[PDB]
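Be aware that the sequence shown starts at 59, since it is given in my numbering, and climbs by one per residue. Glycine included, every Cβ here is placed at the ideal spot set by N, Cα and C. Input: a single structure, listed below in structure tokens.
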Amino acid sequence: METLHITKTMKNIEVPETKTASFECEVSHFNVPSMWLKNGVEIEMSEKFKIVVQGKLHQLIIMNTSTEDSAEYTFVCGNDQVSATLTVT
Ligand SMILES: [Ca+2]
Ligand SMILES: [Ca+2]
Ligand SMILES: [Ca+2]
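In structure tokens, the structure reads:
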């Protein structure tokens, strides 16, 4: 029928320091866990990183960006994973 897979990939993004950035990923199925990675390290929800789901849409909101947040961000689902880069300023 249908594999559990990523249906729409993420986009590279640049924002000025201290502003908010985001990444979005769309997947095939509902109730998928939001497996977000920063340089391969699992991201935990905090005051800074917001992990948001709307049905098949998954979004990482990165608030109060600093230079250090310039990284590769990854979404994992099925046997897929997609990545994009954040450049801060
Ligand atoms: Ca600066
Ligand atoms: Ca800085
Ligand atoms: Ca997997």
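Which two residues bound the contiguous beta strand (DSSP E) that contains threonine 78?
No beta strand (DSSP E) contains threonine 78, which DSSP labels as neither H nor E.
So does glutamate 126 have its beta carbon nearer than 7 Å to some heavy atom of ligand 4?
As far as ligands go, the structure on display features ligand 1, ligand 2 and ligand 3 and does not contain ligand 4.
Below 8 Å, can you find three or more Cβ-Cβ pairs linking the stretch 60-71 to the stretch 105-112?
These segments do not touch.
In the stretch 71-130, which residue ranges form an unbroken beta strand (DSSP E) of at least 3 residues, counting only runs that do not cross its ends?
71-73, 79-85, 93-96, 107-112 and 115-120
Are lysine 77 and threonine 123 closer than 8 Å when you measure CB to CB?
yes
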